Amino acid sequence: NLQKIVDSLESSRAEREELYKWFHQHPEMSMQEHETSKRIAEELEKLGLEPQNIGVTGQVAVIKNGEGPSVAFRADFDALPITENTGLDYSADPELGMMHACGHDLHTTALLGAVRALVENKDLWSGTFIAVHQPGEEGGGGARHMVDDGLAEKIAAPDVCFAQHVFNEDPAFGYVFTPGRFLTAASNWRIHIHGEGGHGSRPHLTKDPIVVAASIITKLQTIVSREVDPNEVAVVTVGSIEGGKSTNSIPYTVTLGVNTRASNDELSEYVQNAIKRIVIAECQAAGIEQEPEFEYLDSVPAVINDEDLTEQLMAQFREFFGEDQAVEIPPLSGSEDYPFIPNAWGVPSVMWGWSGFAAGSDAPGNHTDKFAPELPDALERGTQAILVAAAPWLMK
């Protein structure tokens, strides 16, 4: 019955690939995914479903098929402010300065494909499936937005909840699982350094925030290089910097965009507090009078996969796909806001990874301007995973 529903996907592959390409060409910023959200709703309605608009642009649909267990599956849909440079025939317009550089369009299309399979083959399963389409995953607070907009009150809990993510992974087109800690705790901040501007030839009459900002970025390197146990995992990335316009003037303000990662909450707070200590001291070293501003954007805890359920899924994937197609890996250094969803329902959860590339780990990585999951396999594998994962509950 699992094999039958998977085989039924071949009929719709050409339509599903065109839908993926459409999403690829409509990349939108966190919590502003209006065309994307509207299309997801339309696709769900096309299947006779009643998508519930939760968390501004979020969409949740319940596929009812009699008595039985209930499985939820989550897929996010926001893109990134990166100019597409893939040369794909279906590339987003480079003019947009936006790109699905993390595969969220693929996650979305995978989920819509699985929903379609389930809706069109109710003879092959029993129970309930909940499709959860989440906005704003790229530090936008999207999972929290859905939870705060009454997700757990509006939608009855499932028995289990799953999600997945595409990346440049080995084995090519295979699946990767981690029981227990899978990802890292993260935060995202903007840091505003306020100096005193002036003429480029009279620096002694200024407090030069560009020199201070440079000194800060350099000193921040010492958090990971000297302050964190070498056996732990920690990252401080400064992903953006902006200040000044004219070459011959010293500006007033420099803004830094900062991202942190750590193995656990305590160490995540440690890293963030070290950042604040350094930024304050660097301003003091320069004699800057205005306190630097720390603007919080988002934070997430480390994703922890239910141990028993991860093992159950690995056994199921190995059975269906072959032993070497589903492999256990150590935790990734990435992060995710996904668990806010299963935790609001109070249900166990597993998130896994899959490979979108024949070159596996040699392919360009997520958040490069070249990230381009390979059709047809990347889409077929993500779509099939959802069905395979659901089967022990819905076809058993």
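Note that residue numbering begins at 1 and tracks the sequence as displayed.
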property: Higher-B stretch (mean Cα B-factor, as the entry records it), 23-31 or 323-331; result: 323-331
property: 109-117 versus 275-283 - greater average Cα B-factor per the deposited record; result: 109-117
property: Selection from 353, 58, 346, 356 [criterion: highest C-alpha temperature factor in the record]; result: 346
property: Residue with maximal Cα B-factor (values as given in the PDB entry) among 77, 73, 125, 182; result: 125
property: Relative C-alpha B-factor of residue 314, binned into the chain's lowest, middle or highest third; result: highest
property: Residue 173, C-alpha B-factor rank within chain (lowest, middle or highest third); result: highest
property: Chain-wide C-alpha B factor ranking for residue 370, given as lowest, middle or highest third; result: middle
property: Third assignment of residue 361 from its chain's C-alpha B-factors; result: middle
property: Where the record places residue 209 (Cα B-factor, split into thirds across the chain); result: lowest
